[PDB]
Amino acid sequence: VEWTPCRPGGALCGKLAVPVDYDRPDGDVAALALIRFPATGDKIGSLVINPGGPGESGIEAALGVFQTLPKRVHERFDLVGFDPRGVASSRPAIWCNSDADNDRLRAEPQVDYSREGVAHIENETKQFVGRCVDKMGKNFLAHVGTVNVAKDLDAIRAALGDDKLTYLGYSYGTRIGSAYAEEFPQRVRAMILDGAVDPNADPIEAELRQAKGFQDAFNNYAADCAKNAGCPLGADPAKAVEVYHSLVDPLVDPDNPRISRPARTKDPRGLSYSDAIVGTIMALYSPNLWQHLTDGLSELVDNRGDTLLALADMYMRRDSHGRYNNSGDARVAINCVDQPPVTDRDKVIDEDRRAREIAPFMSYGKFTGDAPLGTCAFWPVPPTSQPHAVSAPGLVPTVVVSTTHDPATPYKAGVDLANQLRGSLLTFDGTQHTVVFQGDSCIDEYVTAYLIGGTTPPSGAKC
């Protein structure tokens, strides 16, 4: 890799060619984008991070991580972020939707699960899948999976000149982690995995555990808010779900669920039901966003939706000029090849029935007896991986950081991943998604000691 200063540090930038198909290492070639923050003291090696998603930029994440990086880590390591194949500055990038495509979906309430509703959703999905194929071609799509990201990571390891990888992965980056650890266990110097994906999970039960996570994070937010003056959800948290629906349900025409009655905003779109829900989920990633959620709900009481709409844009990565980055498109494409999709309609119908009972705050109206298949049921290329217990016997001990009320990747997922990895579990007591290098000096101390010394947290460590 030929390094260069960048387009906010002593940062250097570069590209790395990898083959699209690793069985045709002479065919089409991809170019991964890399950022690098040189160590300030005696260099142990590169610390390579990944933010998750999938579809999130590792470069963009390294720029943030740089700001909150402990002094000793920055002394001993190059901080290095990368954009996986198909993502952000890597070429070719995955694109399916235009900016107008995305807005048009987000304008719909997306709540009608009658037969006509389901047919409408599955029509938009097929058009989407066709837009992916038409812009990217089937070959590139078949090789954007984690199994091949793992192989690029070893190419990155080698190109940075490290003998063994030192790696920090968050959320989906956790799956990159275990995949690398299974194909190159003898190349792992150290590995921290924060907010765990358990690759042995049933996809439906995982989704349901996730729904339960956000309802539980919802209950936690609401109970917090109920101690505060003028809580928009009321002072009795046992009634918060109902109050919340009294605020968001009017965004949907009661005589016709396909009709949005959006809250007024200074932005021309207004606030649809689906954006209202998306902004809520966004805020339940972190108590840092609870104030914004509360503001958003308070605006709804006055039939306004500006803050909830901005939260949804943060989630959707739509900037203030209406441009989207490609994380949404990349997210879907990569998720579709990482595991076999659910194709049994009856299982998708029963999941919906259960999800409404488990996460009522996200649920509009009642169970209809029908539900749509997910985008992946229509994917034109087959999965390049599949649910299995992680098996990496020779693997160095690793740290799994799991938060007790993580809504996105629940606590028990981290416990399971640690077990399969036979590494250390470090618990954070909180309601948020991930925590490493985000303020908590305790967590950062443990992680700093592991990264430099190799010392793992004691069994039962809490922070």
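Residues numbered from 1 in each chain as written, not as in the entry; some residues may be left out. Heavy atoms only, no water.

What follows concerns the pattern of salt bridges. For the coordinates displayed, the defined rule picks out 24 salt bridges. Among the salt bridges present, the one from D352 reaches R356, with a minimum N-O distance of 3.0 Å. Taken as a pair, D352 and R356 lie in helix α13 (residues 345–358) at a separation of 4 residues, close to a single helical turn. Taken individually, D352 and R356 each receive the classification buried, so the pair is uniform in this respect. (Salt bridge = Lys/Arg side-chain N within 4 Å of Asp/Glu carboxyl O. Helix = DSSP H or I, 4+ residues; strand = E, 2+ residues; numbered from the N terminus. Buried < 20%, exposed > 50% of the residue type's maximum accessible area, 1.4 Å probe, protein only.)

The next point concerns the nonpolar core. Of all hydrophobic cores here, the largest spans 50 residues; its most connected members are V48, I94, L153, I156, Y167 and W379. Residue contributions to this core peak at 7 residues, all from helix α4 (residues 115–141). There are two domains that each give this core at least three residues, and those are domain 1 (4–93 + 144–201 + 392–452) and domain 2 (99–142 + 325–378). With sequence-adjacent residues up to four places away left out, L153 is seen in contact with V48, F82, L165, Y167, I176 and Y180. Grouped together as the second largest cluster of nonpolar side chains are 35 residues, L233, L271, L289 and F361 included. (Core = buried A, V, L, I, M, F, W, Y, C linked by side-chain atoms within 4.5 Å. Domains from an automatic or database assignment. Contact = heavy atoms within 4.5 Å.)

All right, on to the domain arrangement of the chain then. We note that the domain assignment places domain 1 (4–93 + 144–201 + 392–452), domain 2 (99–142 + 325–378) and domain 3 (226–316) within the chain. Averaged C-alpha coordinates put domain 1 and domain 3 at centres separated by 34 Å. Counting residues at the interface gives 5 residues for domain 1, matched by 5 residues for domain 3. Roughly 350 Å² of surface becomes buried between domain 1 and domain 3 when both sides are summed, with 64% attributable to carbon and sulfur atoms. Summed over the three residues of domain 1 that lose the most area to domain 3, namely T431, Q432 and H433, the buried surface amounts to 72% of that side. (Buried area = accessible area lost by both parts, 1.4 Å probe.)

Quick look at α13 now. If you check α13, its first and last C-alpha atoms are 20 Å apart, about what 14 residues at 1.5 Å a residue would give, namely 20 Å. Burial in α13 covers these residues: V348, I349, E351, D352 and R356. The buried residues of α13 occupy an angular sector of 160° when projected down its axis, which confines them to one face. Away from the buried face of α13 by more than 90 degrees, exposed residues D346 and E357 are located. For α13, the secondary structure elements touched by its buried residues are α7 (203–225). (Expected span 1.5 Å × (residues − 1). Arc of directions from axis to C-beta.)

Below, the discussion takes up the packing of helix α9 (residues 273–283) against helix α11 (residues 306–316). One can describe the packing of α9 onto α11 by two numbers: an axis separation of 7 Å at closest approach and a directional angle of 70°. In terms of orientation, α9 and α11 fall into the roughly perpendicular class. The segment α9 lies against α11, with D275, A276, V278, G279, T280, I281, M282 and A283 engaging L308, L309, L311, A312, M314, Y315 and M316. Along the lines of polarity and charge, the residues of the contact of α9 with α11 split into 12 nonpolar, 2 polar and 1 charged. (Axes fitted to C-alpha atoms, helices over the stretch in contact; angles between N-to-C directions. Parallel < 35°, antiparallel > 145°, perpendicular 65-115°, else oblique. Nonpolar A, V, L, I, M, F, W, Y, C, P; charged D, E, K, R; others polar.)

Attention shifts here to the UniProt feature "active site" in the chain. Feature annotation in UniProt places "active site" on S171, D406 and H433, given in this structure's numbering. Look at the named residues: they lie 263 residues apart in sequence, but the longest C-alpha span between them is just 10.5 Å, so in the fold they bunch up. Mapped onto the secondary structure, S171 falls in the loop between β6 (165–170) and α6 (173–183). Not counting chain neighbours up to four residues away, the residues in contact with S171 comprise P51, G52, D194, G195, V197, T409, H433 and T434. Its location among the elements puts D406 in the loop between β8 (399–403) and α14 (411–421). Looking at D406, the relative accessible area reads 3%, which means it is buried. (UniProt positions renumbered as here; feature names shortened; annotations may be inferred.)

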